[PDB]
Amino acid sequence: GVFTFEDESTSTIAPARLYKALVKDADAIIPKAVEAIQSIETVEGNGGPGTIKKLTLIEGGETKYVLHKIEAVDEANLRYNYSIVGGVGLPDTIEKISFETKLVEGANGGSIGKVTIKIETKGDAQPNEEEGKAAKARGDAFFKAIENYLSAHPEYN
């Protein structure tokens, strides 16, 4: 099945600037933004749609990886879609989790990040709370964790 829900966040950072870092500078930021994430390596492609990347991370005593795919990039509308693909770093009941993000200008000039998350399951029961939280968390590296690191960084203050 497919479990779809919406998430919204804010940033003090102007949307074009935030968007640019999300789509151009992820590889450099993410291992600095997330203590557990050791490295990101691009496996196939150049940063546009179809690109596959491997995140190497430590969770408990175990070195694991997830694969990330860039689904869509539309700079004119500040749209960035991506997914984490079925396996080592997702719960067993989950084939894929996609994040569909759009950045929009807040009234006061910061950003509102509008996200639709789609969790694809093997079965006919929506994921239990933890397995969905764990899957969502894998996707945070690519959006929320970057906005967080940037908001505390000298260049975006």
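One rule holds for the numbers: they count along the sequence shown, beginning at 1.
Visitor: Report the stretch with the higher mean CA temperature factor, choosing between 114-122 and 84-92 on the basis of the entry.
Guide: The recorded data point to 84-92.
Visitor: Give the stretch, out of 45-53 and 103-111, with the larger mean C-alpha temperature factor in the deposited entry.
Guide: Higher of the two, by average CA B-factor, is 45-53.
Visitor: By the entry's C-alpha temperature factors, tell me which of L67, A28, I58, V34 sits highest.
Guide: By C-alpha B-factor in the record, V34 ranks first.
Visitor: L22's Cα B-factor: lowest, middle or highest third of the chain?
Guide: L22: CA B-factor falls in the middle third of its chain.
Visitor: Going by the CA temperature factor in the PDB record, which third of the chain does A145 belong to: lowest, middle or highest?
Guide: Tercile = middle for this residue's CA B-factor.
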